[PDB]
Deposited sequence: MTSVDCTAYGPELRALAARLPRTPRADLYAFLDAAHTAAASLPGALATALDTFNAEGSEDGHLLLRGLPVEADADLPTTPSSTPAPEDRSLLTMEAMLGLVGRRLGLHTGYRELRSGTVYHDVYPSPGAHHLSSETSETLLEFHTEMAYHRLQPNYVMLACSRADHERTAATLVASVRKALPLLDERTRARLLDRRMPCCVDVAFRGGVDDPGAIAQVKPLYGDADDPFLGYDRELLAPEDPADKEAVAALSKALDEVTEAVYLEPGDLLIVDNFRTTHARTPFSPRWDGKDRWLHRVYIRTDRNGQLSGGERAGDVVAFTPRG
């Protein structure tokens, strides 16, 4: 699902201006400011976000296109390391992630991942491990983010400050609502609420993940093409059928500056196709944040946007 927000550029730049200019120096205060500001988002945007937050969509994602973003010459050089300096001045796309994110829920950091930071720069790095956001020429295969984590976030948000030079990197999204009809009843039944072994991402180095769960007529999805590891042959067969159906309903988003993609991380799996970096200071640069909501299991009470949580595997 996509919406063009170009007309709201002036209003959104004004809301971004309300926020503290050094977010990381006091992230709780920054996000509280973003929460107050999210109450004044343009009506069209507030409605679109509230609707997607409550109902999801058939395609599992909401793409906000044409949000404000700096001219390329005014952006810093694309980062070459992580984590980001705490004193880094606020970037417009980060302000959008603050506003849109707080309208949806609570930004969450994960202790063992990216030093526990909340805002992650997603850029290519030479010699990247194959299972990392730093990859470029190697396809980053389908994964439901932290599917193996008990405190897995409802949304993964990606805002784009720079696309890759040739605009070949595609963010792929496959939705359980489109894939499910393609599976037979026995396969659905086998997957539903059935715990299967799942490895974890490098940062967290098992877990048990239910590939499908919840209401049988509209289940949630937990899938990872690299980490999910069924052993029983019936389980492997069912996951292979699920994998094929997800491929068959794959949709692609070519992120460009000003785009903010909201992925329903309980109903999709996502990936990124290859691109060739130039190491010239203008390489692809996205900003990633994770949002927790009241959808069950994520929050137990007293949480604030900006909190960092520890690792506990599902099981």
Deposited seq positions with no alpha-carbon in the coordinates run 1, 207 to 214
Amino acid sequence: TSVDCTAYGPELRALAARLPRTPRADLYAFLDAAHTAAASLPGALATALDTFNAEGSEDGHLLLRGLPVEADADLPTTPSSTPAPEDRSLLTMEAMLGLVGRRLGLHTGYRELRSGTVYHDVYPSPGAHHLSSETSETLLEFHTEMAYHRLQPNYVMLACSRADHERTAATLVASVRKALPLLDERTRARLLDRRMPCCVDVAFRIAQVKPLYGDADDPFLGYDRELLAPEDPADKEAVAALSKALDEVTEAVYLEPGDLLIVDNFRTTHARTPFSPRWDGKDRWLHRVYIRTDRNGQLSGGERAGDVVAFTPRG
From here on, numbers count along this sequence of modelled residues.
Entry B factor averaged over C-alpha atoms, 108 to 116 against 126 to 134: higher for 126 to 134
Mean B factor on CA atoms, stretches 295 to 303 and 17 to 25, record says higher is 295 to 303
From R162, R194, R102, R150, the top C-alpha temperature factor is at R194
When the entry's CA B-factors for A203, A174, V156, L91 are compared, the highest one belongs to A203
On the chain's distribution of Cα B-factors, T78 falls within the third called lowest
Sorting the chain's modelled residues by C-alpha B-factor and splitting them into thirds places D184 in the highest
Binned into thirds over the chain's modelled residues, the C-alpha B-factor of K244 lands in the middle
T269: CA B-factor among chain residues, third -> lowest
On the chain's distribution of Cα B-factors, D50 falls within the third called middle
